[PDB]
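> what would the 3D arrangement of this be:
(chains A, B, C, D, E and F, ligands or ions: 12)
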Amino acid sequence: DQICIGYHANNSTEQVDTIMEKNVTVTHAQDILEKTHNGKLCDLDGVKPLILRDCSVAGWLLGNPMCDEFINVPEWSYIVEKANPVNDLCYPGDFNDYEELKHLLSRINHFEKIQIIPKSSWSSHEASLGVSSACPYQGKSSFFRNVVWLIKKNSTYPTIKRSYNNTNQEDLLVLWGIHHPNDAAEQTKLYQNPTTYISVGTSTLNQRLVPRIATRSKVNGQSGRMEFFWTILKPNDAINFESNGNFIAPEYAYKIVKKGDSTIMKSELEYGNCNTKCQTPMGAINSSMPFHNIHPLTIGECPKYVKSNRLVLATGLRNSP
Amino acid sequence: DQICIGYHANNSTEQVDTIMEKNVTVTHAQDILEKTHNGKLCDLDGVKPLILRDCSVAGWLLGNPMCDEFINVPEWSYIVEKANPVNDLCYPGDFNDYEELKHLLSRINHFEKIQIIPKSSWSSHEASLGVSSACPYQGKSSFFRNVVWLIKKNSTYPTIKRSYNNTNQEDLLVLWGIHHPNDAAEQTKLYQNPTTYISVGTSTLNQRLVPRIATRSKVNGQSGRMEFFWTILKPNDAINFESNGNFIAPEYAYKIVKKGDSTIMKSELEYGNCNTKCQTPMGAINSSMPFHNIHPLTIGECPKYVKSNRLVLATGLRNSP
Amino acid sequence: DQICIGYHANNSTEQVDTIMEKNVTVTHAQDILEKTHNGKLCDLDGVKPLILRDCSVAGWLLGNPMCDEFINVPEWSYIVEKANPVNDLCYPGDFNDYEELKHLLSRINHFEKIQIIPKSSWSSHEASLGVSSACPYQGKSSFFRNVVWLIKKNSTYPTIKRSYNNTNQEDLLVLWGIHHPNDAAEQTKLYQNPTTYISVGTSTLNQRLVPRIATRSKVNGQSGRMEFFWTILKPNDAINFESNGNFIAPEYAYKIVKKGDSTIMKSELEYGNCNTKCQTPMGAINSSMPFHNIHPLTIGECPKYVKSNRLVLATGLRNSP
Amino acid sequence: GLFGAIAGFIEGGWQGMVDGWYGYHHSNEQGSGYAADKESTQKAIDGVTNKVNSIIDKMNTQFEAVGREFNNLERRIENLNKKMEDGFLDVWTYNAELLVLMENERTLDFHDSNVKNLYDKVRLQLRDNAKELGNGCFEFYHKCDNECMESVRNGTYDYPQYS
Amino acid sequence: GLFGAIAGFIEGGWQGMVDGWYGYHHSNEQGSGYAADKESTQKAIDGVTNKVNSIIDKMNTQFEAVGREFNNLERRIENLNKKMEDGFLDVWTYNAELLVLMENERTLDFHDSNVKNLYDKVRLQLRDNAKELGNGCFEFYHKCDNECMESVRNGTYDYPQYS
Amino acid sequence: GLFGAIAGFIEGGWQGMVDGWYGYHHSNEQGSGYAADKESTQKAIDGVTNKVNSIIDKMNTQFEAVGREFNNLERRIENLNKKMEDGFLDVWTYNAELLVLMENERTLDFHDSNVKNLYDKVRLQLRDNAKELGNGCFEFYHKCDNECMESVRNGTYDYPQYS
Ligand SMILES: CC(=O)N[C@@H]1[C@@H](O[C@@H]2O[C@@H](C)[C@@H](O)[C@@H](O)[C@@H]2O)[C@H](O[C@H]2O[C@H](CO)[C@H](O)[C@H](O[C@]3(C(=O)O)C[C@H](O)[C@@H](NC(C)=O)[C@H]([C@H](O)[C@H](O)CO)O3)[C@H]2O)[C@@H](CO)O[C@H]1O
Ligand SMILES: CC(=O)N[C@@H]1[C@@H](O[C@@H]2O[C@@H](C)[C@@H](O)[C@@H](O)[C@@H]2O)[C@H](O[C@H]2O[C@H](CO)[C@H](O)[C@H](O[C@]3(C(=O)O)C[C@H](O)[C@@H](NC(C)=O)[C@H]([C@H](O)[C@H](O)CO)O3)[C@H]2O)[C@@H](CO)O[C@H]1O
Ligand SMILES: CC(=O)N[C@@H]1[C@@H](O[C@@H]2O[C@@H](C)[C@@H](O)[C@@H](O)[C@@H]2O)[C@H](O[C@H]2O[C@H](CO)[C@H](O)[C@H](O[C@]3(C(=O)O)C[C@H](O)[C@@H](NC(C)=O)[C@H]([C@H](O)[C@H](O)CO)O3)[C@H]2O)[C@@H](CO)O[C@H]1O
Ligand SMILES: *[C@@H]1O[C@H](CO)[C@@H](O)[C@H](O)[C@H]1NC(C)=O
Ligand SMILES: *[C@@H]1O[C@H](CO)[C@@H](O)[C@H](O)[C@H]1NC(C)=O
Ligand SMILES: *[C@@H]1O[C@H](CO)[C@@H](O)[C@H](O)[C@H]1NC(C)=O
Ligand SMILES: *[C@@H]1O[C@H](CO)[C@@H](O)[C@H](O)[C@H]1NC(C)=O
Ligand SMILES: *[C@@H]1O[C@H](CO)[C@@H](O)[C@H](O)[C@H]1NC(C)=O
Ligand SMILES: *[C@@H]1O[C@H](CO)[C@@H](O)[C@H](O)[C@H]1NC(C)=O
Ligand SMILES: *[C@H]1O[C@H](CO)[C@@H](O)[C@H](O)[C@H]1NC(C)=O
Ligand SMILES: *[C@H]1O[C@H](CO)[C@@H](O)[C@H](O)[C@H]1NC(C)=O
Ligand SMILES: *[C@H]1O[C@H](CO)[C@@H](O)[C@H](O)[C@H]1NC(C)=O
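Residues are numbered from 1 along each chain as shown, chains lettered A, B, ... in the order given. Ligands and ions are numbered 1, 2, ... in the order given. I have put the structure below:
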């Protein structure tokens, strides 16, 4: 008669690595790395992302005519933008502190659009002929819908003095622009005054822009340039514009109703019409794992990203052959 | 008769954590995390900090009349500034490369103030009427004490040409400013000349400032702006000023006698009248521990900061019940 | 009769550290830290570094007369520049976005120089008298060879309008400059026109430079300044220059034929006439070790840098006394 | 393994023992069978559970990448940003993979230790009342019925009775 | 524990032994008492001391945060700066807490090992001249006076004399 | 050491055994000599080799410094850059030095464990057919010739023949 001491074995083929030995077969193990995703861009916590499609952030905010989808957008969980969106600045130019503005959007969940300067209000200037073939809408020449390209009326450009008081109890995103003409003849043709300026003032802002003339390559069939500027106008504070030429006036300014956690995600993917609690530019994640290896940039309640192909913890003991 | 092998037990209730088990009672242990501070801002190594109180670094350096405490300051171990000091730029404006200058102060332990341009020396201009209600001193209108707000004499602002040679064997911090008037009428009222400039030259510096006019919101009861600039003037090098208007001349320039380890600490706390060898914005530290968890930003001979609530090492063995 | 169980000993004196004990003598060990280098700057993978010697990157690229060694340079594995090269900007001034350009060079292995504007081509202006004593060559006054300092012909400076079309299927590095004169009398003496500008345009670039006048300290015997600017001109795109004064025209523009892994190494060392597969600013490395402690900044196939003085792994067992 | 029991002096595990990690196999006139040792098994289950949770919690707070945009003349800070984000990923990846490697090795040795301690526990009860075979088994000098076997499993084996 | 002595085959520690970590308890006709084993204890003291110092020194050189100020249109680099500083704190916090966890576990097992090795040291001297009780004690076949007990503590127990 | 064999109950190593890490020394009427145990030695060689390669591979992917230039009014980002690069060097230096310290300690204990397991392997074969001397040696009751010694080394020692 005898009694023996022994240990469990089973039909498991799960293997784990150690320092001294690799591919050790164990009776039980626990994978802790999430390796899969659905492959789709999804609603986060039920809240739909703002998918700009082929429009850029500039195109949306300036009101490019191709981005008519994105006038008065609903609130978003996060934003999705392509690597090289075609519908950017239709009329060629620059966007001043564009990256700093884009960074500001990471703290923003909803804009509400409001009119600060009415287009009809320009009684001393011409406001309806400020269009270009570079920004076409329905086969006809158009422009960024949120700002007004002002020109002389009856061959005279009188000085503009305009002030807006922010009576909303919100920060306000104001956008405006300056036009850079091709030559001295075009400067006079549009605004007449040879030397022009644009002065913009707030409690903080002390700006004065002058048009820089240069011979430039045609971009979108135009060698003229538009340089766009912005500010955040705090509540109870006023913005003051003065210009004798080349001024792109603000029709609409965005109102920042909600400040929350958001992100501008870079992805070529469209919309899966799904829901998730953790989103990546590759697709959405649904797992209880502590880790994943899909993509570093995620939004929501996510496991931690690692570059590993495999993370398996031994729970059981060395399994016998 | 028998002999037994056994191990120590005692009345200790100290516990330590391990991977497989938490709250294991041990006979001996060693806490390595410093958890306490005195709650006070203290002298470091006997050397008192520069506590600006409600003044900012700009207010101190420009010589704001409320910061009369900080004219000819003694050397400091470190600097203490509040999150939102009220006595900043009394007259509204900007401070150019303010953060880069503040960074320079982290390498500086002592300034000595010296006069480079005497106020009396302005024989061709008016120098004593350059004040404002925005910077009040003893119920009367004053200005930043270190710079002179120059205006026209008998309705004429002649061109200023001034040069200073740095004969000290030290780097020299020179501060000056430009004034931005409200409108064309105020420009003429103050300086008469409609178009004005300020050119500043050194071996390295090649600056030319022009006043930008704009309608601005009232800050501290004034819609005019002052924009302040600085440079480090090396020894044996000269600074050259030329201006026909809007010039805020340097009366005094700071001399950098000592360069050492320092820091600008952000704290609402005042002064404990204590001494320490390790200081935080929360308070001072006195311990032999290798670690602490008070605050990341420290100055002096300090233990290492960690986010832990508890770090206890087992020295003894598992204690019996 | 007896049988014993025992273990290896030997004459080894190699020691290793552990947590509980230091300097434990072991029978076998393995050093994993490379501690040595040859002390020389070497060819990497047979490919010679560009050693600028006493010339800087600016001096080389602008074509400073002392840097005649570096006209039409062969391709380089990496670049070597001193901490304080004497042959920098011979004529005093600034180099605009110099660090961003230097960063661009880390992606560049070969430049090919080409003429875009011929010097003879300036038929309406004087081009051969644009020299200075600050840039001497063979005892005579010279200038940066790659750009032309243009001046008035027969007391007239007519407006310059020049355009170059990039017909090469390469990005092109174009360099140009503006001259800042000492006073209004010198402005007229050189270019006659009191108020002057330089407008530069591409598909992206929209620049307009104006000379800033100031009284400046003599650097290299000159108080005048030259400010240098650059761009990358993409293929099939044109650059447009317009100026009525103070223009430093491009004679030559560099062509970027190869884009590869490169680096600007800071070192006072010269050339060992050796070859290596891993290079540091201290010298070259030849080892199979996984680690080294020579210098953090390396180029090529290198072991990993650590700050350790000693990394030895025990392979054998504790050796007996 | 370090403790010399698993794949050591006990050559292999038991497919026939399904109700535990460690236990006993008896054989006598009445029959044979496997009985899992509940105490040592539960202790092992607790230790490994805590370990997995400990491992998870330590990694729970760790670097998270954020999207930052830079223009064409901000290449240096764009590169700084990339190296910073990549650098932390490598640090945290290394931590994860190393911790798994080291603790996996400790887990296997922990199981080896538990088997050894259980073996010695029995050995120390039986003393010279059974032959130590060298394979994990003890062969009794006395006839050991199922109650006798239960006392060894109990921890209650009465040495003085069978001596 | 891994080595099976502490809270293992030796159920509990001794409140009565104050002059050391490990030692002996004798009982005979003359009396009973605790004697600390100096050698094994001092070795344990050295090992744990070095460990604590080793731990401290490795952490001694580690990231230190610095105050950096950025204006309102430098938010990207302000954020980069924050993530960099926070990231290193998490790395170094994790290192500290993990090292403590892992080395605490090794420290307890080290003590368990020392007790085991001391137990076996005695066992190997006594051989078949005493009964191994299973609880850490050895019961002698011969009467063992205080000198006899001292020889076991000595390492000098003369097996051939009492055989 | 943790397992109590190396510099423990086996006081010292053998200069005379050159063909292996662990083995046997026999002495009888015919002579004496060292024989390396191939199996335990090769297992140790494999374990330590893998460990060194594992260690190297984990460090293989790690932070690399890059040269970045900043002008005189970019001191904040120059400083940020320096701290970032220095910070990662300290993290990776610490990792390297700690890993070496911890794994060196495990390597020595691994060797100690292998000797112990080899010792017990023999002990379990011989059982009560030899005297356990307490020093790593077993003294036989029967005369043990070179074939008899070979069977102990074999794992084939026939206990029933010499019992
Ligand atoms: C061969 C020729 O001389 N054709 C002129 C044409 O000018 C040229 O032809 C065009 C088609 C290109 O091939 C160019 O080489 C050259 O410009 C005349 O006008 C065109 O060119 C001007 C620039 O010189 C403008 O590009 C203009 O387009 C608009 C536009 O953006 O769509 C028309 C629009 O109504 C204008 N809007 C406003 C508010 O002014 C703008 C604006 O003036 C500029 O964008 C500001 O820079 O320009 C082209 O139509 C045309 C009519 O003028 O006659 C051809 O015979
Ligand atoms: C109702 C009215 O017209 N009152 C004028 C007053 O101007 C107005 O009243 C002030 C109190 C505010 O309500 C404003 O809306 C309005 O300007 C006249 O001057 C005052 O206003 C000017 C701006 O236009 C200045 O703000 C001035 O203050 C000082 C100052 O900073 O304290 C006076 C000081 O002596 C001046 N110092 C120098 C060196 O020039 C400065 C300086 O000119 C400006 O700050 C430059 O931007 O202004 C107010 O006193 C006054 C006297 O002119 O008459 C009332 O009847
Ligand atoms: C005492 C006196 O009046 N001497 C003049 C000298 O001017 C002065 O002496 C020189 C040697 C220095 O001590 C200066 O303090 C002072 O200017 C006359 O010209 C020299 O000075 C001028 C500046 O005013 C220039 O510096 C000039 O040098 C060059 C140069 O760079 O080498 C000559 C060169 O041919 C010029 N090139 C072009 C394309 O114009 C440049 C250029 O005009 C400036 O660099 C632009 O900023 O200047 C010195 O020769 C001389 C002759 O004019 O006569 C002495 O009597
Ligand atoms: C371990 O297994 C993997 C996947 O099955 C295999 O690719 C790898 O080569 C194996 N490694 C070793 C060391 O056997
Ligand atoms: C408008 O702005 C001014 C500041 O310019 C503020 O004091 C005032 O309360 C605001 N509201 C109205 C209704 O005018
Ligand atoms: C350990 O102790 C702490 C505080 O004394 C307690 O809050 C915690 O729940 C305990 N942890 C476990 C796992 O029992
Ligand atoms: C003044 O500065 C000049 C440079 O402009 C320098 O060469 C000179 O030595 C300095 N010293 C005196 C006493 O002027
Ligand atoms: C270990 O050896 C080094 C170099 O020989 C010596 O300097 C050091 O003091 C020794 N360390 C200890 C703890 O004995
Ligand atoms: C020159 O550049 C223009 C753009 O200005 C481009 O369209 C053209 O194809 C280029 N080639 C030639 C030969 O001019
Ligand atoms: C264990 O088993 C025996 C029968 O073999 C029984 O009589 C005894 O009470 C049991 N003791 C315990 C502690 O379970
Ligand atoms: C130890 O004790 C014995 C008495 O029991 C004594 O005779 C002997 O000399 C001692 N030996 C040592 C090494 O302490
Ligand atoms: C071991 O040695 C014996 C002689 O002592 C021999 O008969 C036997 O075949 C050998 N067995 C093995 C496995 O080598």
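
> can you show me the helices along the chain?
Picking chain A for this. Assigned by DSSP state H, chain A shows helices spanning A:57-62, A:98-105, A:184-191.

> try chain D instead
D:38-60, D:75-126, D:146-154, D:159-162.

> circling back: what's the most buried one of the helices of chain A?
helix A:57-62 (a mean of 24; mean count of other CB atoms under 10 Å in any protein chain shown). Heads up, the C-betas are built off the backbone N, CA and C, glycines and all.

> for it, packing partners?
Helix A:57-62 is packed against helix A:98-105, strand A:172-180, with contacts defined by 3 or more CB pairs under 8 Å, 6 or more residues apart in numbering or on different chains; DSSP states H and E.

> could you rerun that using 10 Å?
With contacts taken as 3 or more CB pairs under 10 Å, 6 or more residues apart in numbering or on different chains; DSSP states H and E, helix A:57-62 sits against strand A:79-81, strand A:93-95, helix A:98-105, strand A:172-180, strand A:225-233.

> may I have the strands that pair with the first one, each with its orientation?
Going back to what we said before, that points to strand A:79-81. strand A:50-51 (parallel), strand A:264-266 (parallel) (DSSP bridges).

> most proximal residue of the stretch 1-150 of chain A with respect to ligand 11?
Closest to ligand 11 within the stretch 1-150 of chain A is residue A:5: 39.0 Å, counting by CB to the nearest ligand atom.

> around ligand 10, pick out the residues from chain D.
D:147, D:150-151, D:154, D:156 (CB under 6 Å from any ligand atom).

> which of these lies closest to residue C:153?
residue D:154 (116.2 Å; CB to CB).

> gap between that closest one and residue D:37?
11 Å (CB to CB, to the nearest Å).

> ok, those two, which is more surrounded?
residue D:37 (22 against 11; other CB atoms under 10 Å in any protein chain shown).

> chain neighbours aside, what residue packs nearest to the more buried one?
Leaving aside its chain neighbours, residue D:37 sits nearest to residue D:23 (4.7 Å; criterion: CB to CB, 6 or more residues apart in numbering or on different chains).

> now the one you found: how far from residue F:79?
63 Å.

> higher neighbour count, those two?
A direct count of neighbours by other CB under 10 Å for residue D:23 and residue F:79 places residue D:23 higher, at 23 against 16.

> pull the contacting residues for the more buried one.
By CB atoms under 10 Å, 6 or more residues apart in numbering or on different chains, the contact set of residue D:23 is A:4-8, D:14, D:17, D:34-38, D:40-41, D:115, D:118, D:153.

> what do you get if the cut-off is 8 Å, keeping everything else the same?
Residues counted as contacts of residue D:23 (CB atoms under 8 Å, 6 or more residues apart in numbering or on different chains) are A:5-7, D:14, D:17, D:34-37, D:41.

> same check, this time on residue D:37
D:20, D:22-24, D:118, D:153.

> how about a cut-off of 7 Å?
D:20, D:22-24, D:118 (CB atoms under 7 Å, 6 or more residues apart in numbering or on different chains).

> and if you look at residue A:106?
Contacts of residue A:106 were listed using CB under 7 Å, 6+ apart, and they are A:262-264.

> next, work out how far apart residue A:195 and chain D are.
Residue A:195 sits at a distance of 29 Å from chain D (criterion: CB to the nearest CB, to the nearest Å).

> next, count neighbours for residue 91.
I'll assume chain A. Neighbours of residue A:91 (other CB under 10 Å): 25.

> try chain D instead
25.
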